[PDB]
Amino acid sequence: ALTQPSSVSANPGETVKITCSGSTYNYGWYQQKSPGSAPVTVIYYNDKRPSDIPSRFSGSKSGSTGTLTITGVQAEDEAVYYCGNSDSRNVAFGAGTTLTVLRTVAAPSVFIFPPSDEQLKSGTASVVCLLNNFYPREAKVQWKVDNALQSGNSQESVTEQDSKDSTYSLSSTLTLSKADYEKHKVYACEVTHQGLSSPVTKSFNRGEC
């Protein structure tokens, strides 16, 4: 199959080299910023570059290995890159390589949101924990209801790396029923990050300002 690395990290201004092996024929490279968003061709036919792709993108092939090159990578070049070729008479793609631009460590701005009164009269409570503009992507977010760890009733979503400051944003949502939500008082999400000397806890008490 078409083999390419899972992830690639690089500081701005560095020369990045993503390789794709498994075929001796013509290679292509396609950039995707967000999952499900329309990919854009950066390199096709081994070394051709479209007229709207910046000049720092270049392509190469040697033997059975295509090589994409980003000389002096920019922060806006964050994305997943897919290589396409023909793997033994089969039209195929690579597994995709995510480019994470390297950055100074940045702590997140944590906010916690109680469920709205409009939602509470519907029989469901949703508490939202928001982590804002941080790096690196690794972070632990735990839900505690009256100092009791919640397990298996929360989901979290992470944005893509920012094209300007290379930071991430995370949102953790804790869902309860109104009967369970009106039985407890304090609701807290504590976050653990490399930019936080100690786990920060953002909390509120139900029914208070």
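Note that residue numbering follows the sequence shown and begins at 1.
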| item | value |
| --- | --- |
| Comparing 128-136 with 115-123, the one whose average Cα B-factor in the PDB entry is higher | 115-123 |
| 143-151 or 44-52, whichever carries the higher mean Cα B-factor | 44-52 |
| Options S58, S62, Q31, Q161 - largest CA temperature factor per the record | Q161 |
| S21 - which third its CA temperature factor falls in, relative to the rest of the chain | lowest |
| Chain-relative CA temperature factor third for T69 | lowest |
| Within-chain third of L196 by Cα B-factor, per the entry | highest |
| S109 by Cα B-factor - lowest, middle or highest third of the modelled chain | lowest |
| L176, C-alpha B-factor rank within chain (lowest, middle or highest third) | middle |
